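Enquirer: What follows is structure_29.csv; its format and atoms are CSV, N, CA and C atoms.
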chain,number,residue,atom,x,y,z
A,1,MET,N,-25.0,6.9,11.2
A,1,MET,CA,-24.3,6.4,10.0
A,1,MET,C,-23.6,5.1,10.2
A,2,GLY,N,-23.5,4.3,9.2
A,2,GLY,CA,-22.8,3.0,9.2
A,2,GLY,C,-22.5,2.4,7.8
A,3,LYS,N,-21.8,1.3,7.8
A,3,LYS,CA,-21.3,0.5,6.6
A,3,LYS,C,-20.3,1.3,5.7
A,4,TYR,N,-20.2,2.6,5.8
A,4,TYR,CA,-19.3,3.5,5.1
A,4,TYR,C,-18.9,4.7,6.0
A,5,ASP,N,-17.6,5.0,6.0
A,5,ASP,CA,-17.0,6.0,7.0
A,5,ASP,C,-15.8,6.8,6.5
A,6,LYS,N,-15.2,6.4,5.4
A,6,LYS,CA,-13.9,7.0,4.9
A,6,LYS,C,-13.8,7.1,3.4
A,7,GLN,N,-12.9,7.9,2.9
A,7,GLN,CA,-12.5,8.0,1.4
A,7,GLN,C,-11.0,7.6,1.1
A,8,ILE,N,-10.4,7.0,2.1
A,8,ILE,CA,-9.0,6.5,2.1
A,8,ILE,C,-8.8,5.3,3.1
A,9,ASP,N,-8.0,4.4,2.8
A,9,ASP,CA,-7.6,3.2,3.7
A,9,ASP,C,-6.2,2.8,3.7
A,10,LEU,N,-5.4,3.2,2.6
A,10,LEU,CA,-3.9,3.0,2.6
A,10,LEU,C,-3.2,3.6,3.8
A,11,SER,N,-3.8,4.6,4.4
A,11,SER,CA,-3.3,5.2,5.7
A,11,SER,C,-3.3,4.2,6.9
A,12,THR,N,-4.1,3.1,6.8
A,12,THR,CA,-4.4,2.2,7.9
A,12,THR,C,-4.4,0.7,7.5
A,13,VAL,N,-4.2,0.4,6.2
A,13,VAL,CA,-4.2,-1.0,5.6
A,13,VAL,C,-3.0,-1.8,6.2
A,14,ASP,N,-3.1,-3.2,6.0
A,14,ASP,CA,-2.0,-4.1,6.3
A,14,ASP,C,-1.6,-4.9,5.0
A,15,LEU,N,-0.5,-4.5,4.4
A,15,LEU,CA,0.0,-5.1,3.2
A,15,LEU,C,0.3,-6.6,3.3
A,16,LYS,N,0.4,-7.2,4.5
A,16,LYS,CA,0.5,-8.6,4.7
A,16,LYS,C,-0.9,-9.3,4.5
A,17,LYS,N,-2.0,-8.6,4.8
A,17,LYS,CA,-3.4,-9.1,4.6
A,17,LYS,C,-3.9,-9.1,3.2
A,18,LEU,N,-3.4,-8.1,2.4
A,18,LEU,CA,-3.6,-8.0,0.9
A,18,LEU,C,-3.0,-9.2,0.2
A,19,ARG,N,-3.3,-9.3,-1.1
A,19,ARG,CA,-2.7,-10.3,-2.1
A,19,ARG,C,-1.9,-9.6,-3.1
A,20,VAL,N,-1.1,-10.4,-3.9
A,20,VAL,CA,-0.2,-9.8,-4.9
A,20,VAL,C,-0.9,-8.9,-5.9
A,21,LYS,N,-2.1,-9.2,-6.4
A,21,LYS,CA,-2.9,-8.3,-7.2
A,21,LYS,C,-3.3,-6.9,-6.6
A,22,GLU,N,-3.5,-6.9,-5.3
A,22,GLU,CA,-3.8,-5.7,-4.5
A,22,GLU,C,-2.5,-4.9,-4.2
A,23,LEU,N,-1.4,-5.5,-4.1
A,23,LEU,CA,-0.1,-4.8,-4.0
A,23,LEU,C,0.3,-4.2,-5.3
A,24,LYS,N,0.2,-5.0,-6.4
A,24,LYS,CA,0.4,-4.5,-7.8
A,24,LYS,C,-0.5,-3.2,-8.1
A,25,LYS,N,-1.7,-3.1,-7.6
A,25,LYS,CA,-2.5,-1.9,-7.7
A,25,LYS,C,-1.9,-0.7,-7.1
A,26,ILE,N,-1.4,-0.7,-5.9
A,26,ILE,CA,-0.7,0.4,-5.2
A,26,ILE,C,0.5,0.9,-6.0
A,27,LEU,N,1.2,0.0,-6.5
A,27,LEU,CA,2.4,0.2,-7.4
A,27,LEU,C,2.1,0.8,-8.8
A,28,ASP,N,1.1,0.2,-9.5
A,28,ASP,CA,0.6,0.7,-10.7
A,28,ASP,C,-0.1,2.1,-10.7
A,29,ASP,N,-0.8,2.4,-9.6
A,29,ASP,CA,-1.3,3.8,-9.3
A,29,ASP,C,-0.3,4.9,-9.2
A,30,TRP,N,0.9,4.6,-8.7
A,30,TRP,CA,2.1,5.5,-8.7
A,30,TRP,C,2.8,5.5,-10.0
A,31,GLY,N,2.6,4.5,-10.9
A,31,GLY,CA,3.2,4.3,-12.2
A,31,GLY,C,4.6,3.6,-12.1
A,32,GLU,N,4.8,2.8,-11.0
A,32,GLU,CA,6.2,2.2,-10.6
A,32,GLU,C,6.0,0.8,-10.2
A,33,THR,N,6.5,-0.2,-11.0
A,33,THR,CA,6.3,-1.6,-10.8
A,33,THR,C,7.7,-2.4,-10.9
A,34,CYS,N,7.9,-3.3,-10.1
A,34,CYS,CA,9.1,-4.3,-10.2
A,34,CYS,C,9.0,-5.2,-11.4
A,35,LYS,N,10.1,-5.7,-11.9
A,35,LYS,CA,10.2,-6.4,-13.2
A,35,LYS,C,10.9,-7.8,-13.1
A,36,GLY,N,11.6,-8.1,-12.0
A,36,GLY,CA,12.2,-9.4,-11.6
A,36,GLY,C,11.6,-10.0,-10.3
A,37,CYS,N,10.6,-9.3,-9.7
A,37,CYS,CA,10.0,-9.8,-8.5
A,37,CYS,C,9.1,-11.1,-8.7
A,38,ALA,N,9.1,-12.0,-7.8
A,38,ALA,CA,8.5,-13.3,-7.9
A,38,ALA,C,7.9,-13.8,-6.5
A,39,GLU,N,7.9,-13.0,-5.5
A,39,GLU,CA,7.3,-13.3,-4.1
A,39,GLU,C,6.6,-12.2,-3.5
A,40,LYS,N,5.5,-12.5,-2.8
A,40,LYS,CA,4.5,-11.5,-2.3
A,40,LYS,C,5.2,-10.4,-1.4
A,41,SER,N,6.1,-10.8,-0.5
A,41,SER,CA,6.9,-9.9,0.3
A,41,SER,C,7.8,-8.9,-0.4
A,42,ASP,N,8.2,-9.2,-1.6
A,42,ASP,CA,9.0,-8.3,-2.4
A,42,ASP,C,8.2,-7.1,-3.0
A,43,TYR,N,6.9,-7.3,-3.3
A,43,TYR,CA,6.0,-6.2,-3.6
A,43,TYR,C,5.7,-5.3,-2.4
A,44,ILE,N,5.7,-5.9,-1.1
A,44,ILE,CA,5.6,-5.1,0.1
A,44,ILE,C,6.8,-4.2,0.2
A,45,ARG,N,8.0,-4.7,0.0
A,45,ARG,CA,9.3,-3.9,-0.1
A,45,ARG,C,9.2,-2.8,-1.1
A,46,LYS,N,8.8,-3.1,-2.3
A,46,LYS,CA,8.7,-2.1,-3.4
A,46,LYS,C,7.6,-1.0,-3.1
A,47,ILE,N,6.6,-1.4,-2.3
A,47,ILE,CA,5.6,-0.3,-1.8
A,47,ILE,C,6.3,0.5,-0.7
A,48,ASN,N,7.0,-0.1,0.3
A,48,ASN,CA,7.6,0.7,1.4
A,48,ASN,C,8.8,1.6,0.9
A,49,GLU,N,9.4,1.2,-0.2
A,49,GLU,CA,10.4,2.0,-0.9
A,49,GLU,C,9.9,3.3,-1.5
A,50,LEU,N,8.6,3.3,-1.9
A,50,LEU,CA,8.0,4.4,-2.8
A,50,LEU,C,6.8,5.1,-2.1
A,51,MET,N,6.2,4.5,-1.0
A,51,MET,CA,5.2,5.1,-0.2
A,51,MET,C,5.6,6.5,0.4
A,52,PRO,N,6.9,6.7,0.9
A,52,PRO,CA,7.3,8.1,1.3
A,52,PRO,C,7.6,9.0,0.1
A,53,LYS,N,7.7,8.5,-1.1
A,53,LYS,CA,7.8,9.3,-2.4
A,53,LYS,C,6.5,9.9,-2.8
A,54,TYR,N,5.4,9.1,-2.7
A,54,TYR,CA,4.1,9.4,-3.4
A,54,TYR,C,2.9,9.4,-2.4
A,55,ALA,N,3.0,9.0,-1.1
A,55,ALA,CA,1.9,8.9,-0.2
A,55,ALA,C,2.4,9.2,1.3
A,56,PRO,N,2.8,10.5,1.6
A,56,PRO,CA,3.0,10.9,3.0
A,56,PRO,C,1.9,10.7,4.0
A,57,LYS,N,0.6,10.6,3.4
A,57,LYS,CA,-0.6,10.2,4.1
A,57,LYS,C,-0.7,8.8,4.6
A,58,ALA,N,0.4,8.0,4.3
A,58,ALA,CA,0.4,6.6,4.7
A,58,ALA,C,1.9,6.1,5.1
A,59,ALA,N,2.9,6.8,4.6
A,59,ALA,CA,4.3,6.5,5.0
A,59,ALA,C,4.6,6.7,6.5
A,60,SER,N,3.9,7.7,7.1
A,60,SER,CA,4.1,8.0,8.6
A,60,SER,C,3.4,6.9,9.4
A,61,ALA,N,4.0,6.5,10.6
A,61,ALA,CA,3.5,5.6,11.6
A,61,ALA,C,2.2,6.1,12.3
A,62,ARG,N,1.4,5.2,12.9
A,62,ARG,CA,0.3,5.5,13.7
A,62,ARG,C,0.7,6.1,15.0
A,63,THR,N,-0.3,6.7,15.7
A,63,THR,CA,-0.2,7.1,17.1
A,63,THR,C,-1.6,7.0,17.8
A,64,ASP,N,-1.5,6.5,19.1
A,64,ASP,CA,-2.6,6.4,20.0
A,64,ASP,C,-3.2,7.8,20.4
A,65,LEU,N,-2.4,8.9,20.2
A,65,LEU,CA,-2.7,10.3,20.6
A,65,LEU,C,-2.1,11.2,19.5
Represent the supplied structure as structure tokens.

Expert:
Amino acid sequence: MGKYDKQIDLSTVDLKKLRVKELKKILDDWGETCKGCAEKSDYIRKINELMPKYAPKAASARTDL
């Protein structure tokens, strides 16, 4: 098997590598979006604020074991 391996990626994604439109997607999927935000890093803050509320599958840190 190759080219496809998973049905989720928010568990392992890098919000710094994404763009504002891709951060807006994560926020809109939970139904929760900022209204005075104007910089890419503030959408990363609004995600990390709400990821433990709606995505325990991604709020937890990685482990080598």

Enquirer: Counting all atoms listed in the file, which of A:36, A:61, A:28, A:41 gets nearest to residue 16 of chain A?

Expert: A:41

Enquirer: Have a look at atom C of residue 30 of chain A and atom C of residue 57 of chain A and let me know their distance in Å, one decimal.

Expert: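 Result for atom C of residue 30 of chain A versus atom C of residue 57 of chain A: 15.4 Å, one decimal.
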
Enquirer: For the point (1.9, -12.4, -8.6) in the file's frame, write as number ranges by chain all residues with an atom no more than 12 Å away, counting only C-alpha atoms.

Expert: A: 18-25, 33-44

Enquirer: Based on the selection just made, write N, CA and C atoms of those residues as a tab-separated table (two decimals), keeping the file's coordinate frame.

Expert:
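The result, stored in selection_38.tsv:
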chain	number	residue	atom	x	y	z
A	18	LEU	N	-3.40	-8.10	2.40
A	18	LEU	CA	-3.60	-8.00	0.90
A	18	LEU	C	-3.00	-9.20	0.20
A	19	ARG	N	-3.30	-9.30	-1.10
A	19	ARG	CA	-2.70	-10.30	-2.10
A	19	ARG	C	-1.90	-9.60	-3.10
A	20	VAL	N	-1.10	-10.40	-3.90
A	20	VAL	CA	-0.20	-9.80	-4.90
A	20	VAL	C	-0.90	-8.90	-5.90
A	21	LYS	N	-2.10	-9.20	-6.40
A	21	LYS	CA	-2.90	-8.30	-7.20
A	21	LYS	C	-3.30	-6.90	-6.60
A	22	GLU	N	-3.50	-6.90	-5.30
A	22	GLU	CA	-3.80	-5.70	-4.50
A	22	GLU	C	-2.50	-4.90	-4.20
A	23	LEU	N	-1.40	-5.50	-4.10
A	23	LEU	CA	-0.10	-4.80	-4.00
A	23	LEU	C	0.30	-4.20	-5.30
A	24	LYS	N	0.20	-5.00	-6.40
A	24	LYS	CA	0.40	-4.50	-7.80
A	24	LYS	C	-0.50	-3.20	-8.10
A	25	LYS	N	-1.70	-3.10	-7.60
A	25	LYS	CA	-2.50	-1.90	-7.70
A	25	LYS	C	-1.90	-0.70	-7.10
A	33	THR	N	6.50	-0.20	-11.00
A	33	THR	CA	6.30	-1.60	-10.80
A	33	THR	C	7.70	-2.40	-10.90
A	34	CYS	N	7.90	-3.30	-10.10
A	34	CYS	CA	9.10	-4.30	-10.20
A	34	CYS	C	9.00	-5.20	-11.40
A	35	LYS	N	10.10	-5.70	-11.90
A	35	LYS	CA	10.20	-6.40	-13.20
A	35	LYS	C	10.90	-7.80	-13.10
A	36	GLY	N	11.60	-8.10	-12.00
A	36	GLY	CA	12.20	-9.40	-11.60
A	36	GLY	C	11.60	-10.00	-10.30
A	37	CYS	N	10.60	-9.30	-9.70
A	37	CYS	CA	10.00	-9.80	-8.50
A	37	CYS	C	9.10	-11.10	-8.70
A	38	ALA	N	9.10	-12.00	-7.80
A	38	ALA	CA	8.50	-13.30	-7.90
A	38	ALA	C	7.90	-13.80	-6.50
A	39	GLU	N	7.90	-13.00	-5.50
A	39	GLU	CA	7.30	-13.30	-4.10
A	39	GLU	C	6.60	-12.20	-3.50
A	40	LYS	N	5.50	-12.50	-2.80
A	40	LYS	CA	4.50	-11.50	-2.30
A	40	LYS	C	5.20	-10.40	-1.40
A	41	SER	N	6.10	-10.80	-0.50
A	41	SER	CA	6.90	-9.90	0.30
A	41	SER	C	7.80	-8.90	-0.40
A	42	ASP	N	8.20	-9.20	-1.60
A	42	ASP	CA	9.00	-8.30	-2.40
A	42	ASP	C	8.20	-7.10	-3.00
A	43	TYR	N	6.90	-7.30	-3.30
A	43	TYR	CA	6.00	-6.20	-3.60
A	43	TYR	C	5.70	-5.30	-2.40
A	44	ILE	N	5.70	-5.90	-1.10
A	44	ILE	CA	5.60	-5.10	0.10
A	44	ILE	C	6.80	-4.20	0.20

Enquirer: How many Å separate atom C of residue 50 of chain A from atom C of residue 26 of chain A?

Expert: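 Straight-line distance from atom C of residue 50 of chain A to atom C of residue 26 of chain A works out to 8.5 Å.
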
Enquirer: May I ask which of the residues A:11, A:49, A:29, A:6 is the closest one to residue 62 of chain A, counting only N, CA and C atoms?

Expert: A:11

Enquirer: One decimal, Å: what's the distance from atom CA of residue 32 of chain A over to atom C of residue 56 of chain A, could you say?

Expert: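 Atom CA of residue 32 of chain A sits 17.4 Å away from atom C of residue 56 of chain A.
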
Enquirer: Using DSSP on the backbone coordinates, identify the residues of chain A assigned to alpha helix (DSSP H); present them as a VMD selection string.

Expert: chain A and resid 20 to 30 40 to 54 56 to 59
